[PDB]
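Undergrad:
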Amino acid sequence: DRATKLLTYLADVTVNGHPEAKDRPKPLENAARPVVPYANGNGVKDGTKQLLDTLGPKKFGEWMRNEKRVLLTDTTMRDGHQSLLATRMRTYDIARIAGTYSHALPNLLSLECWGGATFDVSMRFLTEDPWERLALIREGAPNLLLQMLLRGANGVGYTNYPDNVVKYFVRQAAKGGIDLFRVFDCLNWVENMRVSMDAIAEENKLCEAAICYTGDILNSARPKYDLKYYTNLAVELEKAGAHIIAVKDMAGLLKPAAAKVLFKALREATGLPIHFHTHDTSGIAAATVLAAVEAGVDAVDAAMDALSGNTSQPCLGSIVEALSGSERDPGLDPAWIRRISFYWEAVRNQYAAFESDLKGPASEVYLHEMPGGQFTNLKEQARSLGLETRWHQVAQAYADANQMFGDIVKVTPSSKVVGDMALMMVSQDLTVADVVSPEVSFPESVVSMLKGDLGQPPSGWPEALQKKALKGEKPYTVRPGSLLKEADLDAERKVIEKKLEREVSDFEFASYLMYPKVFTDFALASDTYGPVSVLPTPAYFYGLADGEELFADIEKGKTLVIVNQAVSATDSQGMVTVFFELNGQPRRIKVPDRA
Amino acid sequence: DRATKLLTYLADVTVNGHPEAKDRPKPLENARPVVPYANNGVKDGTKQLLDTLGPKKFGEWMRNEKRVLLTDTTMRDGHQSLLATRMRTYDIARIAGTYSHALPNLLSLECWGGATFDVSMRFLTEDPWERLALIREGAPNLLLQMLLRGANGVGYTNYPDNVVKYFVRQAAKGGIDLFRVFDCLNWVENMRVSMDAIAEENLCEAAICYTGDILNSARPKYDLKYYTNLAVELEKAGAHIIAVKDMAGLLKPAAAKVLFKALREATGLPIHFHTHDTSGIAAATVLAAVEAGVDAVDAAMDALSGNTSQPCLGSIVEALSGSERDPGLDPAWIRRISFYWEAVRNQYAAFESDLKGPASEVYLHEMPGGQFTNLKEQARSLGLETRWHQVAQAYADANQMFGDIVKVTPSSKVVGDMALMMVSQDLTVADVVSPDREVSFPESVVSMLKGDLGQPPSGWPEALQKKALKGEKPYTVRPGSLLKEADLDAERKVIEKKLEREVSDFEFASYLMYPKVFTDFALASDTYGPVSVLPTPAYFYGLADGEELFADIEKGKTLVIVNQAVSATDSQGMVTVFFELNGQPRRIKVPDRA
Amino acid sequence: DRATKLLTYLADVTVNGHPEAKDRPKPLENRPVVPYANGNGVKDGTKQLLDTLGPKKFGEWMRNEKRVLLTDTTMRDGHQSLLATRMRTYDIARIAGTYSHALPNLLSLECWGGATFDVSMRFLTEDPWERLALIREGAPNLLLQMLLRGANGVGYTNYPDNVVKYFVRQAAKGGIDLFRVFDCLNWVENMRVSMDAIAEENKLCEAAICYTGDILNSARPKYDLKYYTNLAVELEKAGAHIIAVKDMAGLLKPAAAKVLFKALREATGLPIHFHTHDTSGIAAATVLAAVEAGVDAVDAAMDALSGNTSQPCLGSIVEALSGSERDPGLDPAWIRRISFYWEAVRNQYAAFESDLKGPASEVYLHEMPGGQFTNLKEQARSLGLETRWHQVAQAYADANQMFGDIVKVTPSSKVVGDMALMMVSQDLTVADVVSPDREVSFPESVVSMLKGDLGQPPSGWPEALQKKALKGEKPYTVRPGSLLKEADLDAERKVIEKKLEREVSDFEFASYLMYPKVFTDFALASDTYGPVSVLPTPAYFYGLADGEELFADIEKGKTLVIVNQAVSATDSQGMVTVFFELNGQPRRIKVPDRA
Ligand SMILES: [Cl-]
Ligand SMILES: [Zn+2]
Ligand SMILES: [Zn+2]
Ligand SMILES: [Zn+2]
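Chains as they are written, first to last, in this note's numbering: chain A, 1 to 595; chain B, 596 to 1189; chain C, 1190 to 1784.
1. Would you kindly work out how many angstroms separate the C-alpha atoms of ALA545 (chain A) and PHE342 (chain A), rounded to a whole number?
2. Does the structure place the region 795–802 of chain B close enough to the region 770–780 of chain B that three or more beta carbon pairs sit under 8 Å?
3. So, under 8 Å CB-CB, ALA1427 (chain C) and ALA1478 (chain C) are touching, yes? Tell me the CB distance rounded to an integer number of Å.
4. Using only the alpha-carbon positions, how far apart do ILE911 (chain B) and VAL881 (chain B) sit?
5. Can you give me the C-alpha to C-alpha distance between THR1401 (chain C) and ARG1325 (chain C), rounded to a whole angstrom?
6. Distance, Cα to Cα, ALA141 (chain A) vs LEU84 (chain A)?
7. Give the interface partners of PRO1775 (chain C) over in chain B, defined as CB-CB distance under 7 Å, in chain order.
8. Can you give, in chain order, each stretch of the alpha helix (DSSP H) that sits fully within the region 1692–1767 of chain C and has at least 4 residues?
9. Determine the chain B residues that contact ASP305 (chain A) at a beta-carbon separation under 8 Å, and present them in chain order.
10. Ligand 1 and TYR1704 (chain C): does any heavy atom of the ligand fall closer than 6 Å to the residue's C-beta?
11. Are the CB atoms of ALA878 (chain B) and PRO906 (chain B) within a distance shorter than 7 Å?
12. For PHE1768 (chain C), decide whether its Cβ has a neighbour in chain B, counting only Cβ atoms nearer than 7 Å.
13. Mind checking whether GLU112 (chain A) and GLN82 (chain A) have CB atoms under 7 Å apart?
14. DSSP three-state call for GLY1234 (chain C): helix, strand or coil?
15. Output yes if chain B places a C-beta closer than 7 Å to the C-beta of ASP1735 (chain C); else output no.
16. List the residues of chain B that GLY80 (chain A) touches, going by C-beta distances under 7 Å, in chain order.
17. Going along the chain, which unbroken runs of the alpha helix (DSSP H) with 4 or more residues stay wholly within the region 323–387 of chain A?
18. How far does the beta strand (DSSP E) with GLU705 (chain B) in it extend, from its first residue to its last?
19. Relative to the C-alpha of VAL36 (chain A), which residue among A:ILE94, A:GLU67, A:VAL13 and A:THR231 is closest?
20. Tell me which residues of the region 1155–1169 of chain B have at least one Cβ-Cβ distance to chain C shorter than 8 Å, keeping chain order.
21. Less than 6 Å separating the Cβ of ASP1266 (chain C) from some heavy atom of ligand 4?
22. Measuring only the C-alpha atoms, how far is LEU136 (chain A) from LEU150 (chain A)?
23. Chain B partners of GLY325 (chain A), CB-CB under 9 Å?
24. Please go through the same chain and pick out, in chain order, the residues whose beta-carbon is closer than 7 Å to the beta-carbon of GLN942 (chain B), but skip the five residues on each side of it.
25. Do the CB positions of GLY455 (chain A) and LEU108 (chain A) come within less than 7 Å of each other?
26. Residues of chain B with CB closer than 8 Å to the CB of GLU67 (chain A), please, in chain order.
27. Considering only heavy atoms of ligand 1, does any lie closer than 6 Å to the CB of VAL1343 (chain C)?
28. Report back the beta-carbon spacing between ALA861 (chain B) and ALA834 (chain B) to the nearest angstrom; my notes put them in contact at under 8 Å.
29. Given this structure, state the Cα-to-Cα distance separating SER102 (chain A) from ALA173 (chain A), to the nearest angstrom.
30. How many angstroms separate the CA atom of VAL347 (chain A) from the CA atom of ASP301 (chain A)?
31. Check whether the Cβ atoms of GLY1137 (chain B) and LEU605 (chain B) lie closer than 7 Å to each other.
32. Determine which residues share a DSSP beta bridge with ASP1261 (chain C) and list them.
33. Whole angstroms is fine: what's the gap from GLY1339 (chain C)'s alpha carbon to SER1648 (chain C)'s?
34. Could you list which residues in chain A have their beta carbon closer than 8 Å to that of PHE934 (chain B), in chain order?
35. Quick check: is the beta carbon of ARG627 (chain B) nearer than 7 Å to any beta carbon in chain A?
Next up, the structure:
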């Protein structure tokens, strides 16, 4: 019955295709399967996971601070594909390489592999459990820290949630396998980060408080975000119990000359170690990383070569090659970086359907300040609205919109707000002057932000815009969550357990709390189709070719051999019959003809 | 009759397609590049300066200039790396004025030499001279820069000295101000003839090609002293500018800080830095070079930057903005020009490679940015697509076997051929040089080892050379020194009789470099007319049924052409295209090549 | 402008196809050639004789003639049965001279009336008068024969007497020498007006008695020998110059011929003319019997359009008679040559071929006219009754009997058709149809017949059926035309002439009177498209192939050379442009894209 379920899924995608791939491009028919590198044989040298375990978070931080080598964080398992491949990368390909990281690059600080779009996308678009993924990575790399990006007021959700819910998620994330939480707030508002950070500490894990970088500190024309801005925030975040301070350059804006300044300054402002995350949209982020290294930053992020560049992180292989031999040499085998990268390359070719059209670096990023992770996404949305040939006007509108909102920090989900605004502005051919003129029906998201739902920026919201937009509704300036009733967690669990006619795990409950509808759908899908996550990627998105033989591991130990022998015409009752051979035995599966 | 000829070409590509595009991808059916509306006359720039100061003194001016000077490679190295050099005069010339008006403070435009000379005739049916002339006319305030191949010129082989000398005279007359001359084995003796010619024509940018790693004591062959000595040698040989041509994109930031401090101490000449962004960090190196005092650096427009190209011009500039060494270039204008190039690029969908981003692997194979895609496609051809990384490894091993050489055109082709065979025939280095395995080496490898591409500092590996040369005695003198001076008058009579007409000096120059390509091109020109005047889509794809086109045959005069209908193929194997030219019916018959 | 018009027609058919051919079969992708004739002038024939003798004395001449006289139906009844009357003037006119030169001994050419008049305008965009005129010009030594419908003329309804009269005057002026007038219910009182008109035009009045039932079957006494002989004596008294036996359904069996013809010759001094159809596959036997028994003149179609629902084979009936006392005296090699032409002509009309595969004795059961048979079969398929065709046939027999055993020919046969079809569709028996229960809504045509519109049969209409069908309306039994007001011919001409904004010819007016709407439409078509009739048949139905060269004669002498050089894609204004070369000169014609 687990196999029967799988056979049904396979029968379905074989006959109807996967909705996410049905009309996008296919992978080159050649299709050289990704091969996990054969590893030497030895056991695993202890790494940071062991260290944090022995030292606790406060003392681990002090260890990073004092470490001479630069520490590296690989974002391939998360930010890399979230930017390049619409986060569509599957547990099957991610889990399979965790052990090779463990054995080959034990000196890595952490693996960014959870949070961001992954939580929601995995259930919604890949029919797989984000928890199962974390568990598998954990099991494969028990010597490295596992890192997530955590969204502060939302957690990993899409809305605001009562505090106990955020608190509950964090406890589960920790239990689940996460060691290092990079928590950020879209308006860099410390008051809105407190609940989160407290929760991370209470779980005795690493609280990496992030300051989001925007504007230009070396540009006196734009004083709103100067050096003092960040250093103060660092002091504030330290006082709020951070173990690590992080500079989250979501749009890839930090320029090398600024890095030299910003990182000298931050190390002087706080005893806490500093962690630098950036994006390579400019095509110069590596310069910035290296500057930050030279200027004494403690840890930086990079992606594997085969998923680096552009809206991703800059190239991990080359940053390492640059640092090799130097006093701050990170101590990582390039042959191994290369071999893992080749794996990633082969893995990537499977995801052809989710490649964007971006051709290379763009200094335009310094104008629009679109997050690397929003860029493609907003471009596709622009095509949707029939604006493909005005994309640069969209970009300009975004810049203008930003300034109109008072020059805000643009990241999830504030950057979505500016997006929506820009798109409307071009569609409806409205200027800023037009927008704030004394009739516009503003986007739901803009109304919401201005009401106060995404928090408050340092100088508040522009009075005039806000009045016009809110159209009567009185705006608030307290912490958004402070106004939401504490959730009755027991009743809300009863709700899901009745709907699914069974008990759920704490993790499943956590998922439900963040994404009630997506989770519900996924649970139902699961009951129907079985543990589809065990299928290799091609089979998952494309089913099986006529004649094709597939090996699929249903339950560790047990391997099913499945052959697509034949596919019937569509019968009077609208059904197609796929003729399989499961482990040498005939099986006939009926699925509906969805066409 | 010029119109009749164009109508024939259009009719032919409409019915048969262009061979270069017929089976590659098409551009998104949506779609045109629009030249930015510019505000004034043109502020004087470097072209004026060189005119007043001469080359020696111009160099001194660069040396003393505080701002960093920028060279745009978009018109040459950018598309040679990204689009198989298939970029057309039509799109290149149209923007030259916008450069002239909008970015006058630019040092130069790299827009000639390299693959462009040969590819433009061979694959684009256009005169490389007409192109240079048009750029010249559009940007009379900027220096025009070419990459010149030293012993070959722009050719594919070695040539007698007078022939090299002749080309350079014409190149200068043609409009080129700045010659970046290089030699594939960094052999100064092999550069001398070229440099002397450039000087005789009154800017000689002598290039040292960067390879290995100076800050790696494990690889001493190419240490700091290597380069500084070459600089002192090249200065003594009459260079006006010293250039670091990092063809493979190997120079790492920590090395830039060292190398550029050292070079400026080694020579009074100004330094010019060219690199490729294969690593995905070349921008870091550029900026390092700028901080360490380099005089001038190369970058491509954003829309044609990255990867095997130059690093992003737009962002390097944004990074330097506000700093003491600020290059002084309007970013809004950089962005706007880039937007044009982006729209220009989408036309060339057929020539896009599959390369997805940065690769630190570059530090292993050391393949020039400009050879990389090309060698990958060749690898697929030989059915090795799925062993590309073994090809890369073989290339690294081959390099070492040849004694660790400088790999650039055409030495890099030699290592390429070698690696490919090695993988095909499943041979190790041990195998290649075994006294037991009969190996038939590539023509190119036999040639290099005989001495045809010159001599590396430590000569050729005795054992390999003996086995490869298979009897033939090798030489170590300068290759050109052995070629008989060409009787330029007789050789001109040859082409002029064959083409049944006089040729211009530039045409003769073309013929000398590429006898067969030129011949073909001339013949094509007589048949098809000035195809270069056609916009890019029309050129590669003809006209759609019903489609209206505007084409400017002779500046002033504009033709309006409509494809009204296309016949079935007749008994005599011909298709008839029904045009409307300026409101008059015209019927053009072309053969059905299918 | 005549040429421009033709070019437009050619452009239109080329791009849109002909509606009548667009979806039927095409002819084999692999031209008819008019036989080269010796070179002599034309021997005088019957046309000269009638001219010299007048109609009364011409008949006496036929009576006394020893050879059997032949009438070729290929130009009319042949293709009306086999090809839905779709045969074009172009093909018909071209051979008329070959008849004239090669078979001068022929009595007549049936080439007008029946379906031809109406179909030629409606489906072939051509003037039936232009045709008659062209035939006349080609064969000035043979009699031209029409089948004239008595009460209708050539129309589809009843008309006032003056109108009938007017048509006949024109018909005669047009070129017709021999009128075979018939009445669907064999009602002489309904023929009188017509016959009187023919005589007043000093032309041959062939009065037809329609054959039905079986004279040698005592089980069916309604139509016995006395029936026909009396009719003959009646029609002789009514001024006929010739009696004709019109066996529309091909019912007359040989044994009966021997009897009926002996008898008729004894009943009247007038000469007898025998028309039949070969649906039984034995009509030739009956013809030959009629000859042996002394009939004066018989009908046959050319070999290539003979058999089945057509006339029996002219070639073979002649070969049979060759050498005998009554030998018709016609060159068989010439019959064969003309027949080969018809064969090549026929392949052009592939679109109009039926699916009939050969003889059917079933004809003795349903008594469907040869000319109605395919037509009713196609209509049956329309109504979704393809697989019940034999039930249809049976219903027709039953319906006939229900109506009291009527003579089934145009348009009474149409009435029986309509009844049968409903009977099968609605699954009603005769008992059902006449039940004082089942509420039946009878066909308009059945209501009409029973009211009295198609005249009165010898024994009147069945009381019970008539009451039920007429649903209140009082029925009449006077002559239908007698109740129609004499038409004010002058006003009615003003009507057409204003509508067409021009004078019309008498012939045109005649056409209008018979078929107001069809003619109107044709006149408008003519203004648009020019003399399309001059175009060869393939070109007419199918336009011109890419590259194809065509010769068309616009005005005798002048020949146009037309080449289809190219065809454009459809432009924004929905138009397609065809590129012609007319006599060496470029021409561009725009037609709408009807698809
Ligand atoms: Cl009508
Ligand atoms: Zn990021
Ligand atoms: Zn280059
Ligand atoms: Zn008949």
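Note that the Cβ used here is the ideal one computed from N, Cα and C, for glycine as well.
TA: Concretely, from the data shown:
1. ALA545 (chain A) and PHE342 (chain A): Cα-Cα distance of roughly 26 Å.
2. Yes, since at least three Cβ pairs between the region 770–780 of chain B and the region 795–802 of chain B fall closer than 8 Å, the two stretches touch.
3. With a Cβ gap of about 28 Å, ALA1427 (chain C) and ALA1478 (chain C) do not count as contacting.
4. Rounded to whole angstroms, the gap between the alpha carbons of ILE911 (chain B) and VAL881 (chain B) is 8 Å.
5. Their Cα atoms are separated by approximately 34 Å.
6. Within the model, the alpha-carbon separation for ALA141 (chain A) versus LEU84 (chain A) is close to 24 Å.
7. Below the 7 Å Cβ cutoff, chain B contributes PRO1180 as neighbours of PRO1775 (chain C), in chain order.
8. Runs of the alpha helix (DSSP H) lying entirely within the region 1692–1767 of chain C, each at least 4 residues long, are 1695–1703, 1705–1718 and 1726–1731 in chain order.
9. Neighbours of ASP305 (chain A) on chain B, chain order: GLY875, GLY952, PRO953, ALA954, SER955 and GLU956.
10. Yes, the Cβ of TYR1704 (chain C) comes within 6 Å of a heavy atom of ligand 1.
11. Cβ atoms of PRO906 (chain B) and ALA878 (chain B): closer than 7 Å.
12. Interface residue (Cβ-Cβ distance to chain B less than 7 Å): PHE1768 (chain C) is classified as such.
13. For the pair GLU112 (chain A) and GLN82 (chain A), the CB atoms are not nearer than the 7 Å cut-off.
14. Reduced to three states, the DSSP call for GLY1234 (chain C) is coil.
15. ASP1735 (chain C) counts as touching chain B.
16. Within chain B, no C-beta atom comes nearer than 7 Å to that of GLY80 (chain A); the closest sits roughly 10 Å away.
17. Within the region 323–387 of chain A, the complete alpha helix (DSSP H) runs of at least 4 residues fall at 334–349, 365–368 and 372–384.
18. Start and end: 703–708.
19. Nearest C-alpha to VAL36 (chain A) among A:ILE94, A:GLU67, A:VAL13 and A:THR231: A:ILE94.
20. Listed by position, the residues of the region 1155–1169 of chain B near chain C (Cβ gap below 8 Å) are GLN1159, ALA1160, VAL1161, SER1162, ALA1163 and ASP1165.
21. Answer for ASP1266 (chain C): yes, Cβ within range of ligand 4.
22. Distance between the alpha carbons of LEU136 (chain A) and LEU150 (chain A) is about 20 Å.
23. Among the residues of chain B, those whose CB is under 9 Å from the CB of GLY325 (chain A) are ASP808, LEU810, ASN811, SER812 and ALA849, following chain order.
24. Excluding positions up to five away in sequence, the list reads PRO622, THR1131 and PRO1132.
25. Taking a C-beta distance under 7 Å as the contact criterion, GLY455 (chain A) and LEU108 (chain A) do not qualify as a contact pair.
26. Under the 8 Å cutoff, chain B gives no residues; its nearest Cβ is about 20 Å from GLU67 (chain A).
27. Not a single heavy atom of ligand 1 lies less than 6 Å from the C-beta of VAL1343 (chain C).
28. With a beta-carbon spacing of about 12 Å, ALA861 (chain B) and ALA834 (chain B) fall beyond the 8 Å limit used to define contacts.
29. Those two C-alpha atoms are separated by around 21 Å.
30. If I take the Cα positions, the gap works out to 21 Å.
31. Remark: C-beta atoms of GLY1137 (chain B) and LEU605 (chain B) approach each other more closely than 7 Å.
32. Beta bridge pairing from DSSP links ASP1261 (chain C) with C:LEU1298 and C:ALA1489.
33. Roughly 21 Å between the two C-alpha positions.
34. Here the neighbours are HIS392.
35. Not closer than 7 Å to any Cβ of chain A, the Cβ of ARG627 (chain B) fails to qualify, so no.
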